[PDB]
Amino acid sequence: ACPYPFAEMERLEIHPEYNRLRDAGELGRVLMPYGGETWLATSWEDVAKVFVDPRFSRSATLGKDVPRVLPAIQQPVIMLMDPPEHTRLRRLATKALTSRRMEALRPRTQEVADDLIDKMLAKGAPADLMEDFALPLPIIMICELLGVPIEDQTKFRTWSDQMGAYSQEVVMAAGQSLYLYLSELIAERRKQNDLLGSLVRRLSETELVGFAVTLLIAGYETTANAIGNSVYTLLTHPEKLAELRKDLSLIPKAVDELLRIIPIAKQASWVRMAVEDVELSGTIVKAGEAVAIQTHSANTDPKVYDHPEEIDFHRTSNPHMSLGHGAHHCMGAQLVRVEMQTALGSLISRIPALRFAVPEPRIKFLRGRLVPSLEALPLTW
Ligand code: HEM
């Protein structure tokens with residue numbers, strides 16, 4: 001078993017191998033740094049199975065020395081649950097966290113988006129979209145979706161930023177301040193029905209605050225990167241920026257085509273566990289063996305997509321895996337699209353003379369994460 005990761009993904013590209021195996025119709029076996037060897041799925045068909053098939057448990061690695069990447073062991077989160085606990089827990093949260101409820105935020109997003117622009121270009125010459133726009137937009141929208149008082153939208157932020165750049169005694173101090181402030185908020189909503197109110201309706205207080213902290217994590221630093229990384233990719237392919245400044249009616253299907261093509265992690269997912277013998281790619285991953293997935297190789301499979309390694313805003317359908325598949329599919333999906341749609345949309349519309357302030361090859365990324373994130377994205381206009 002050839003060791004994994006294959007190469008520290010510097011910048012935003014992928015190691016050839018993944019696509020090599022997809023096409024080989026080969027299921028990879030790799031040696032992860034911690035825990036042991038794992039299997040590795042790269043095909044759309046075989047990444048679809050691991051997302052949706054019930055022969056693969058996410059439960060079965062809580063408290064375990066499982067084929068992993070970071071030494072720390074994972075601490076029961078929703079994304080580490082199987083049916084029917086997961087299903088009862090998702091079934092409830094879906095009744096509060098609605099696709100409607102999320103479309104309902106588009107007018108606010110416009111405000112914070114279009115006034116985040118106002119400020120940014122109202123300041124200096126060159127800017128840093130990351131600190132001036134890509135990072136603030138999603139926390140502000142997270143807050144607004146929780147119905148956090150705008151008088152604490154900053155104090156709050158400051159707490160979510162110190163989850164690193166902050167001392168150990170003031171990491172947990174932040175978390176505990178966020179946990180105790182987020183229960184009190186749910187306490188001051190039980191007497192009244194928005195998202196936190198709707199959540200109180202069968203969920204335990206423990207699961208209620210749990211979820212509120214999860215959404216913060218699941219969709220803050222991820223949504224930042226999507227906005228950041230997309231702008232980047234769009235500026236290094238203007239044939240396709242231009243295609244969006246001519247008509248903005250495209251941006252929905254664009255957001256999804258940018259989601260397909262940009263890698264969401266620097267490497268393969270947390271591993272799932274086979275709870276019964278399964279065939280993937282002609283191999284019998286036996287019960288107990290572990291399988292990690294690559295969404296990118298699935299998101300550019302020629303057996304599923306035409307001209308995969310090419311952008312195209314007219315794709316009939318777009319069954320990408322950047323936002324998950326089946327039971328555990330991203331329950332921000334709608335908010336994400338909303339955020340990203342209005343984020344890029346105005347951004348483009350407002351400032352159609354946008355460009356890098358530096359030679360792209362010179363635009364640096366970070367070494368100390370699992371998701372690809374720009375260290376800074378300086379621009380001009
Ligand atoms: C902006 C880019 C985002 C991307 C690319 C993204 C991607 C994903 C992916 C790939 C999963 C797969 C879970 C899995 O099957 O392992 C997922 C799950 C999830 N995401 Fe997101 N997400 C984003 C933003 C958000 C936001 C903004 C929220 C909440 C406000 C959110 C909440 C969740 C939740 C709760 C799950 C777990 C659902 C479950 O386990 O049933 N995400 N997301």
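Because the Cβ atoms are built from the backbone with ideal geometry, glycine has one as well, and the counts that use them run over all protein chains shown. Any read-out appearing in this document is the output of simple, stated calculations on the displayed coordinates, not a laboratory observation.
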Go through segment 159-175 and count every residue that is loosely packed, with under 12 Cβ neighbours inside 10 Å and among the polar types (S, T, N, Q).
2
For segment 224-238, state whether one or more residues are surrounded by fewer than 17 Cβ atoms within 10 Å (Cβ to Cβ), part of a loop (DSSP other than H, G, I, E, B) and more than 14 Å from the ligand (Cβ to nearest atom).
yes
Being within 13 Å of the ligand (Cβ to nearest atom), of a type outside the set (D, E, K, R) and in a loop (DSSP other than H, G, I, E, B) is the requirement here; does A287 meet it?
no
Condition check for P67: more than 12 Å from the ligand (Cβ to nearest atom), under 30 Å from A353 (Cβ atoms) and surrounded by 12 or more Cβ atoms within 10 Å (Cβ to Cβ):
no
Tally the residues that are among the hydrophobic types (A, V, I, L, M, F, W, C) and in contact with a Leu (Cβ under 9 Å, 6 or more places away or on another chain), restricting the search to segment 21-46.
6
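Yes or no, residue by residue, for (1) of a type in the set (S, T, N, Q); (2) more than 30 Å from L105 (Cβ to Cβ); (3) crowded, with 16+ Cβ neighbours inside 10 Å:
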site	(1), (2), (3)
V278	no, yes, yes
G288	no, yes, no
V291	no, yes, yes
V338	no, no, yes
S349	yes, no, no
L354	no, no, yes
How many residues are within 16 Å of the ligand (Cβ to nearest atom) and of a type in the set (V, I, T) if we restrict to segment 301-353?
3
Report whether or not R337 is more than 20 Å from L234 (Cβ to Cβ) and basic (K, R).
no
Kindly indicate whether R11 is in a loop (DSSP other than H, G, I, E, B) and surrounded by fewer than 22 Cβ atoms within 10 Å (Cβ to Cβ).
yes
Checking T154 against (1) farther than 25 Å from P76 by Cα; (2) in a loop (DSSP other than H, G, I, E, B); (3) out of contact with any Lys or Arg (no Cβ under 9 Å at 6 or more places or on another chain), which test does it fail?
(2)
Considering each residue of segment 195-223, count those that are part of a loop (DSSP other than H, G, I, E, B), in contact with a helix residue (DSSP H, G or I) (Cβ under 8 Å, 6 or more places away or on another chain) and either more than 28 Å from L379 (Cβ to Cβ) or more than 14 Å from the ligand (Cβ to nearest atom) (or both), and give that number.
4
Subset tally (residues that are closer than 28 Å to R20 by Cα and under 21 Å from the mean Cα position of the chain (by Cα)) for segment 58-83:
4
Among the residues of segment 76-126, what is the count of those that are surrounded by 12 or more Cβ atoms within 10 Å (Cβ to Cβ), among the small types (G, A, S), more than 11 Å from the ligand (Cβ to nearest atom) and not in a loop (DSSP other than H, G, I, E, B)?
3
Residue hits (segment 308-363; within 22 Å of the chain's Cα centre (by Cα), in a helix (DSSP H, G or I) and not aliphatic (A, V, I, L, M)) are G326, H328, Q334, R337, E339, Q341, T342, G345, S346
The one condition in (1) part of a helix (DSSP H, G or I); (2) surrounded by fewer than 18 Cβ atoms within 10 Å (Cβ to Cβ); (3) out of contact with any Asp or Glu (no Cβ under 9 Å at 6 or more places or on another chain) that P149 fails to fulfil
(1)
Determine which single condition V304 fails, assuming it passes every other condition in (1) part of a loop (DSSP other than H, G, I, E, B); (2) more than 16 Å from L21 (Cβ to Cβ); (3) not acidic (D, E).
(2)
